[PDB]
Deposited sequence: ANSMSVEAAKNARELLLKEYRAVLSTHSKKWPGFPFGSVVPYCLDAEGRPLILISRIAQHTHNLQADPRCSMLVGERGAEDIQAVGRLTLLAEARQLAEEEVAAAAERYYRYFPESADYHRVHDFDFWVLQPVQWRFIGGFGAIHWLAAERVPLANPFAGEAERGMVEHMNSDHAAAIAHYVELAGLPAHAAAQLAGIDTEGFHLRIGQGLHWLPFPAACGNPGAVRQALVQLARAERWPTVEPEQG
């Protein structure tokens, strides 16, 4: 379709899901003519696009205010993904839903958008470049990489809260099976059609379902299957 490039797009998205830290490159406003590298944590919004919470006094915020064009570099050796994007600050109506998902990924950030001078921005894709550990270069159109999350919001929140409240034992099984860090017990942070995030201390990790899950019942089935598994199933 071509098959390599469809594989590449999925691999790109998996890398995007598996990380929660990126290097943002922006045009320096304070120093015209210079690019500017900064670090940002992120999660994905309902449409599968990077969502950031950035401070009004941060260089990268001033830079995006003057010129929304930027790139994000995210790592897996080693596979690497570049996103070319136009950043947009979320309208007031968009903030509640951003905040709810972002604060689940980053609970120590809670209320920062209200009490401190932080705002949510979304990176709107213009192009992606995925390079595998073997060095195969795949340039991909804007819409090829993101995958919408039909759970984002209320369905997801109920799923995550029930898992953290009533199925901590199963969560321990996932960590064991995947060989994740065990300095603290894990909690679910979020769920998408392809997998789920666990937070472990500071500390985010993505795990794939054995197959895609389009509704909460399919998610239940995958999680039960994972909890009973003796090794991580593939595909």
Margin query: Going by C-alpha coordinates, which parts of the deposited sequence are missing from this model?
Written below: 77 to 83, 243 to 247
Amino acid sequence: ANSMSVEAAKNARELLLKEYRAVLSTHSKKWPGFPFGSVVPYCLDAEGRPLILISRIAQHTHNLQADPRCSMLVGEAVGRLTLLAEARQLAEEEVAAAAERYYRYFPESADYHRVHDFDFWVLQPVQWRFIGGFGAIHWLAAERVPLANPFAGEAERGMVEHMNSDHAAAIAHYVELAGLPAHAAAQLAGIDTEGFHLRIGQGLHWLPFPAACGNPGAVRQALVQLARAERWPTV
From here on, numbers count along this sequence of modelled residues.
Margin query: Test of understanding: from the entry's C-alpha B-factors, which stretch has the higher mean, 110 to 118 or 89 to 97?
Written below: 110 to 118
Checklist line | CA B-factor ranking of residue 169, expressed as a third of its chain | finding: lowest
Note to self: Quick check on the deposited entry: does the C-alpha B-factor of residue 197 sit in the lowest, middle or highest third of its chain?
What the structure shows: lowest
Check: Going by what the PDB entry lists, where does residue 64 fall on CA B-factor within its chain: lowest, middle or highest third?
Finding: middle
Next item on the list: Using the B-factor values recorded in the entry, state whether the Cα atom of residue 49 falls in the lowest, middle or highest third among the modelled residues of its chain.
Entry: lowest
Item checked: CA B-factor placement of residue 204, once the chain's modelled residues are sorted into thirds -> middle
